[PDB]
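**Q** Provide a 3D model corresponding to the input given below.
(11 chains, ligands or ions: 78)
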Amino acid sequence: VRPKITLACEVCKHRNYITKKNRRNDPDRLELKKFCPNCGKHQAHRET
Amino acid sequence: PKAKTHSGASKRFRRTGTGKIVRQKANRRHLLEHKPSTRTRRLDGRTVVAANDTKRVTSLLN
Amino acid sequence: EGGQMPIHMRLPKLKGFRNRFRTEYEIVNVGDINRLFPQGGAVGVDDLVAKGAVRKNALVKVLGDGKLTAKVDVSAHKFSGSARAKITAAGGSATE
Amino acid sequence: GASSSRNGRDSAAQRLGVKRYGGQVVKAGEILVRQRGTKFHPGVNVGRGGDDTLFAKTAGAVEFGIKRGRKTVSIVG
RNA sequence: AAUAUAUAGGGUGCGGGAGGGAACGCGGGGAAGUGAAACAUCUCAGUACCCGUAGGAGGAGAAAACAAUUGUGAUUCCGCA
RNA sequence: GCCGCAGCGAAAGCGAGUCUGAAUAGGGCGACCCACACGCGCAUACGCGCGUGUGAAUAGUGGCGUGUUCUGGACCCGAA
RNA sequence: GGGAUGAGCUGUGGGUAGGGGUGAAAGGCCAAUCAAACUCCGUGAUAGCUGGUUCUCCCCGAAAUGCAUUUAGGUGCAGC
RNA sequence: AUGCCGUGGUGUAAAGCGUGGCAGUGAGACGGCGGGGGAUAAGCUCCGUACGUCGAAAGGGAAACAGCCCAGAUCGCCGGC
RNA sequence: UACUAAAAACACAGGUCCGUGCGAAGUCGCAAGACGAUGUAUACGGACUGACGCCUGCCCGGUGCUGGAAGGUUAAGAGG
RNA sequence: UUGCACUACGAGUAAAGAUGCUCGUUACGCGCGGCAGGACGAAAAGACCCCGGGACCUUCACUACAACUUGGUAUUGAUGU
RNA sequence: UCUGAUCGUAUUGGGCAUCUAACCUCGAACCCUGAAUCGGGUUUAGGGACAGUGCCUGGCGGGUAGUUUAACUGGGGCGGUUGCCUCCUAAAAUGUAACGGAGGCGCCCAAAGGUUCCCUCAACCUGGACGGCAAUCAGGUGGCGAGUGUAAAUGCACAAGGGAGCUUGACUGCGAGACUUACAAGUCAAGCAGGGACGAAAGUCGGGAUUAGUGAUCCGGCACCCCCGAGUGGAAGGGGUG
Ligand SMILES: *C(=O)[C@H](CCSC)NC=O
Ligand SMILES: [Mg+2]
Ligand SMILES: [Mg+2]
Ligand SMILES: [Mg+2]
Ligand SMILES: [Mg+2]
Ligand SMILES: [Mg+2]
Ligand SMILES: [Mg+2]
Ligand SMILES: [Mg+2]
Ligand SMILES: [Mg+2]
Ligand SMILES: [Mg+2]
Ligand SMILES: [Mg+2]
Ligand SMILES: [Mg+2]
Ligand SMILES: [Mg+2]
Ligand SMILES: [Mg+2]
Ligand SMILES: [Mg+2]
Ligand SMILES: [Mg+2]
Ligand SMILES: [Mg+2]
Ligand SMILES: [Mg+2]
Ligand SMILES: [Mg+2]
Ligand SMILES: [Mg+2]
Ligand SMILES: [Mg+2]
Ligand SMILES: [Mg+2]
Ligand SMILES: [Mg+2]
Ligand SMILES: [Mg+2]
Ligand SMILES: [Mg+2]
Ligand SMILES: [Mg+2]
Ligand SMILES: [Mg+2]
Ligand SMILES: [Mg+2]
Ligand SMILES: [Mg+2]
Ligand SMILES: [Mg+2]
Ligand SMILES: [Mg+2]
Ligand SMILES: [Mg+2]
Ligand SMILES: [Mg+2]
Ligand SMILES: [Mg+2]
Ligand SMILES: [Mg+2]
Ligand SMILES: [Mg+2]
Ligand SMILES: [Mg+2]
Ligand SMILES: [Mg+2]
Ligand SMILES: [Mg+2]
Ligand SMILES: [Mg+2]
Ligand SMILES: [Mg+2]
Ligand SMILES: [Mg+2]
Ligand SMILES: [Mg+2]
Ligand SMILES: [Mg+2]
Ligand SMILES: [Mg+2]
Ligand SMILES: [Mg+2]
Ligand SMILES: [Mg+2]
Ligand SMILES: [Mg+2]
Ligand SMILES: [Mg+2]
Ligand SMILES: [Mg+2]
Ligand SMILES: [Mg+2]
Ligand SMILES: [Mg+2]
Ligand SMILES: [Mg+2]
Ligand SMILES: [Mg+2]
Ligand SMILES: [Mg+2]
Ligand SMILES: [Mg+2]
Ligand SMILES: [Mg+2]
Ligand SMILES: [Mg+2]
Ligand SMILES: [Mg+2]
Ligand SMILES: [Mg+2]
Ligand SMILES: [Mg+2]
Ligand SMILES: [Mg+2]
Ligand SMILES: [Mg+2]
Ligand SMILES: [Mg+2]
Ligand SMILES: [Mg+2]
Ligand SMILES: [Mg+2]
Ligand SMILES: [Mg+2]
Ligand SMILES: [Mg+2]
Ligand SMILES: [Mg+2]
Ligand SMILES: [Mg+2]
Ligand SMILES: [Mg+2]
Ligand SMILES: [Mg+2]
Ligand SMILES: [Mg+2]
Ligand SMILES: [Mg+2]
Ligand SMILES: [Mg+2]
Ligand SMILES: [Mg+2]
Ligand SMILES: [Mg+2]
Ligand SMILES: [Zn+2]
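**A** Residues are numbered from 1 along each chain as shown, chains lettered A, B, ... in the order given. Ligands and ions are numbered 1, 2, ... in the order given. See the structure here:
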């Protein structure tokens, strides 16, 4: 019910981050601004 | 005959230029989600074998 | 260690591999060309062996530790970057 | 025999308490009072910490005192 | 011979084999106790034992060889690596 | 042939440095003599930088002896 | 004391061999030994277990606690 | 109250610390004091104590009496306290 | 039960069930071969009750045994 | 069988049941026939109990193998439908 | 020429039936054979591409074989327990045992995180339509008796408790110096740089008031980096980072 999701970038698609969400409270994939070390700046991040 | 070296401990320890015996650090292979980045950075790199272990570790490399 | 997981199984393996094709070079500094050859001249790979500065039948490589004041014309494999400077700063040369 | 091991368990002692006392020269970063909560409060040149650890920010001598009821840990620089 | 071509089998005369030996050799069969602080993979160990079969020794051997851009040029054995 | 002669790094590789890193940021590992004269930016006298020494103390490796350890039955005796 | 014309007792000769024989069944018997015989070899089997370990003097001198353990009468590391 | 950490004086040879060689030990016992278990029973059991002794400590005293009190045997003496 | 147990234990004639159509089934053997048997279902082997008299009730869910093959799952080989 | 030997008893004390220690009490030295209370008498490195190892036995504990058995393929062919 | 049906020639595969020549017979006769219930050969009578065996493959398999079957324990068995977190025992630092006395944990939260600004509660007293001991309202008294996602302790009213706007630092590259410690581990960390969030600024932010919500190594899986690439160029595989 609390799986480990991974957060890939939206420009270079590198899987930079891993965290946990709830699956019944959040059926759709998270979107967060996080730092991308390849791009050198904050990009968007969805799940996979 | 001839003294065989321990094949396991020679894949885990090595020597520097002066004679210190370095090693890596545990707890950094899996189950890395709940470990914050202040912990996975403390376990990064190499450290010196402690002063109490360095007799048995030397005798397994020789 | 009495039963527990010992020091050579608690700890992870050292990372990486060992290169099968690594070519090692034997080391002479340019601060040893000064002390062994103060009159200068030709410094061959065979001349460094007989003076005891380097081993037999191996590839030499001149590095740049120390001062150089003599005027030497040294032939070697793979000169360093900072050793072509100190050799030509006295009037010599460096050929492969 | 009545198996009255209904309660036979404990945690590990956490080594809390005051670690550098008064009039004692410290370095930058030395942990002064490790504790649960703010039994002691940060004063001058003392930061709190993530689990209320009360380290040091500047070398000097440690002195304790009172600041409106809440007792403080300070460092004379 | 049955059965015809013929063979199986029989008669006669020449040569040879069998068995033994302390170790060594080559081909084949092949444990366990033990070690793993238990044990099954693995070890012990292709060891003990066993079978075939030699020779004064045997086996191997005259490149479907290595090597890596120059090269070495049958095999066996010892020292290194 | 072995050991000493340069190290760092997973390795390519570079080398009194080197790996990590965007970093002329910081750390890890490794090198690196002020007890004195002099010149010099110049420190109150005291020292960073840099030349000649006053001529700083380095150093390994092969035998033999001894203590311990390793592979073997391994200090000796003893099963079912 | 039980059988004593019977599923009787007995002589001589022969057969069955070790995870096998034989058993009107007790794990009985198989050369004074049997819940897997004897002899030789692997073999100087292994034993965290018990026992033993030989001349002298001089100086210093403990521990029986902590941590972990298929660990609790063993052992590693720390303390001394 | 004690104990504990820091610092400034003073005192004390065989104290402390770093790094190597070689260990043994990891079954403790009783006594004083503070406690848990037990019936505030045990020569009972489990902990604390810069507490002691035995273990590894002879000599004197407690009739005898590892653990209590006094005292620490280098050797000699038909000397004193 | 040779060597502490002779019994109520084992055997037994009698009973039932299951196996076997004949170099049988079962057993000793890697095989050939043998016993079974110079026997042929009124015989032979396996299991359990144990002269004789009166009798032997109910349960096919569980695990076996025998027979069946509708559908489910399932190896190598073919296929590529 | 046996460490010794000019080997009493009571009430004690001690590894908690003393010929050997303490305080007492009793006993002339040595033999021969008897008795069996103690010498924790003699014999068997406790068979019970626990700890470590071993054996053999069981089963719907684990992993294997003999035997029995399935299908493919070789031995393995021809003509029909 | 394509979807679909049908027909024809050739090739090959599966069933069923027949055939004989491989193979099979402890059916018979004859011969080696003088003496033969063995054996082989010839002929005949039946079976027949089945059976048997070889290689591959699934099933069943105490019939047999090698071994495991935990420790703690006021003797063993039976019962109970084993790791992490909080209290007391615990003798006013730290630490401290027993099958001593009490309880919790193997999570939950996309806001219950970051920041900025504002607020003060429970209980009680008086008044009030349905309305009651206690819903909502108004006023007094009230300094913490309420509250904190979750156990207890230490905290917290200056709020870490109640409310709202914007957000993603629930970051990447690191880290002087310390706590704890046999070792392996565990804990805290000012500050520097990149790139951000809130705020007028100062500044605070590397998850949550704090301490549990976990698992060494080995062997594998995926994404990325393009480091080695067994003659060379690739590839296979290995390596690093997450
Ligand atoms: C139990 O007492 C007994 C032992 C023999 S007498 C000490 N067990 C079996 O015989
Ligand atoms: Mg939501
Ligand atoms: Mg990894
Ligand atoms: Mg991480
Ligand atoms: Mg374990
Ligand atoms: Mg606690
Ligand atoms: Mg936190
Ligand atoms: Mg011969
Ligand atoms: Mg074995
Ligand atoms: Mg074995
Ligand atoms: Mg073993
Ligand atoms: Mg052993
Ligand atoms: Mg020859
Ligand atoms: Mg290296
Ligand atoms: Mg550096
Ligand atoms: Mg010698
Ligand atoms: Mg009579
Ligand atoms: Mg009579
Ligand atoms: Mg009679
Ligand atoms: Mg019996
Ligand atoms: Mg006998
Ligand atoms: Mg046996
Ligand atoms: Mg052997
Ligand atoms: Mg032995
Ligand atoms: Mg002394
Ligand atoms: Mg030790
Ligand atoms: Mg112990
Ligand atoms: Mg102990
Ligand atoms: Mg004790
Ligand atoms: Mg006691
Ligand atoms: Mg005491
Ligand atoms: Mg007391
Ligand atoms: Mg006791
Ligand atoms: Mg003493
Ligand atoms: Mg002792
Ligand atoms: Mg004494
Ligand atoms: Mg005395
Ligand atoms: Mg006396
Ligand atoms: Mg006097
Ligand atoms: Mg008898
Ligand atoms: Mg009798
Ligand atoms: Mg019958
Ligand atoms: Mg048969
Ligand atoms: Mg019948
Ligand atoms: Mg039956
Ligand atoms: Mg009966
Ligand atoms: Mg049925
Ligand atoms: Mg007398
Ligand atoms: Mg007496
Ligand atoms: Mg007496
Ligand atoms: Mg006497
Ligand atoms: Mg007499
Ligand atoms: Mg008598
Ligand atoms: Mg008696
Ligand atoms: Mg006796
Ligand atoms: Mg005994
Ligand atoms: Mg069965
Ligand atoms: Mg078949
Ligand atoms: Mg077949
Ligand atoms: Mg078995
Ligand atoms: Mg036990
Ligand atoms: Mg008990
Ligand atoms: Mg305390
Ligand atoms: Mg205290
Ligand atoms: Mg519980
Ligand atoms: Mg908010
Ligand atoms: Mg709040
Ligand atoms: Mg996270
Ligand atoms: Mg650090
Ligand atoms: Mg910034
Ligand atoms: Mg702004
Ligand atoms: Mg910060
Ligand atoms: Mg929490
Ligand atoms: Mg492993
Ligand atoms: Mg290639
Ligand atoms: Mg790849
Ligand atoms: Mg990194
Ligand atoms: Zn990106």
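**Q** residue contacts, residue 23?
**A** Since you didn't name a chain, this refers to chain A. A:1, A:2, A:3 (C-beta atoms under 8 Å, 6 or more residues apart in numbering or on different chains). For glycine as for every other residue, the C-beta is placed from the backbone atoms N, C-alpha and C.
**Q** Can you look at chain B instead?
**A** Per C-beta under 8 Å, 6+ apart, neighbours of residue B:23: B:12, B:13, B:46, B:47, B:48, B:49, C:11, C:14.
**Q** Pull out the buried members of those residues.
**A** With burial judged by 16 or more other C-beta atoms under 10 Å in any protein chain shown, the buried subset of these is B:12, B:13, B:49, C:11.
**Q** The third one contacts residue B:21, correct?
**A** Yes: because the distance of 4.6 Å satisfies C-beta atoms under 8 Å, residue B:49 is recorded as touching residue B:21.
**Q** May I ask which helix or strand encompasses the residue nearest the centre of chain C?
**A** By C-alpha atoms, centre = their mean, the mean C-alpha position of chain C lies nearest to residue C:27, the distance being 1.8 Å. Assigned by DSSP states H and E, residue C:27 falls within strand C:26-29.
**Q** For that strand, which residues meet the burial criterion?
**A** So strand C:26-29, judged by 16+ other C-beta under 10 Å, has buried residues C:26, C:28, C:29.
**Q** Using TSV, lay out these together with distance to residue C:46.
**A** Output for the buried residues of strand C:26-29, formatted as TSV (distance: C-beta to C-beta, whole Å):
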residue	distance to residue C:46
C:26	13
C:28	13
C:29	19
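**Q** any idea which of those is closest to chain B?
**A** residue C:29 (16.0 Å; C-beta to the nearest C-beta).
**Q** can you pull the contacts of the residue lying closest to that closest one once chain neighbours are set aside?
**A** Excluding its sequence neighbours, the residue lying closest to residue C:29 (C-beta to C-beta, 6 or more residues apart in numbering or on different chains) is residue C:65, at 4.3 Å. By C-beta under 8 Å, 6+ apart, residue C:65 lies in contact with C:29, C:30, C:31.
**Q** if we can go back for a sec, which of the buried residues of strand C:26-29 sits closest to residue A:28?
**A** The shortest approach to residue A:28 among those belongs to residue C:26, at 64.3 Å (C-beta to C-beta).
**Q** Please give the number of neighbouring residues around the closest residue to the closest one other than its chain neighbours.
**A** Nearest residue to residue C:26, sequence neighbours excluded (C-beta to C-beta, 6+ apart): residue C:58, at 4.6 Å. Other residues within reach of residue C:58, judged by other C-beta atoms under 10 Å in any protein chain shown, total 14.
**Q** do you know how far residue A:4 is from chain C?
**A** Distance check for residue A:4 against chain C: by C-beta to the nearest C-beta, to the nearest Å, it reads 22 Å.
**Q** Residue A:15 is in contact with that residue, correct?
**A** No: with contact defined as C-beta under 8 Å, residue A:4 does not count as touching residue A:15 (11.9 Å).
**Q** Return the backbone torsion pair for residue D:75.
**A** As for residue D:75, its main-chain torsions (degrees, to the nearest 10) stand at phi -130, psi 120.
**Q** Contact partners for it?
**A** By C-beta under 8 Å, 6+ apart, the contact set of residue D:75 is D:26, D:44, D:45, D:46, D:56, D:57, D:58, D:59, D:60, D:61, D:62, D:63.
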